[PDB]
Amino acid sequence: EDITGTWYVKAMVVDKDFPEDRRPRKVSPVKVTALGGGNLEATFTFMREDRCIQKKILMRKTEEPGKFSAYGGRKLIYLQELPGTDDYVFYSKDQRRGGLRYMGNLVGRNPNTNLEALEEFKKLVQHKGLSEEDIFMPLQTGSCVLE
């Protein structure tokens, strides 16, 4: 794999327990930087209603390539190539106080999206038990720290 630099979140999917109020309306580019020892850090912002939310996530190496962990292993994070296109899928499993949470994100180097890529995302998403009608596409923006 290769993982550091800028990524763009083009589509998003969430399990059916995920509250609608909780969905990102907007989202910045994701800057991924290495910290030595294989460990990474992703930085980004997104809008949840009128609220700008800032994230900075330590992603620790694991014995499987493409698989990472965050928040002490509370959350597991897989990066997989999305076949037939030049994008990847960012799949997360989060052992949250409130239950196990699944979440998928279509990510790519190029900020543009092809409909065929969204379709492969949907297909792959459905394979994993998640649903098409819970696929949403937040607005791509700069940081919301400006406003």
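Numbers for residues come from their place in the sequence shown, where the first is 1.
Q. When the C-alpha temperature factors are averaged for each of 98-106 and 77-85, which stretch ends up with the higher value in the entry?
A. The deposited B-factors put 77-85 ahead on the C-alpha mean.
Q.
I need to verify one thing: averaged over C-alpha atoms only, is the B-factor higher for 37-45 or for 110-118?
A. Per the PDB record, 37-45.
Q. C-alpha B factor of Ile57, ranked within the chain: lowest, middle or highest third?
A. Highest third, going by the recorded CA B-factors of the chain.
Q: Rank-wise, by C-alpha B-factor, drop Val27 into the lowest, middle or highest third of its chain.
A: According to the entry, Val27 has a C-alpha B-factor in the chain's lowest third.
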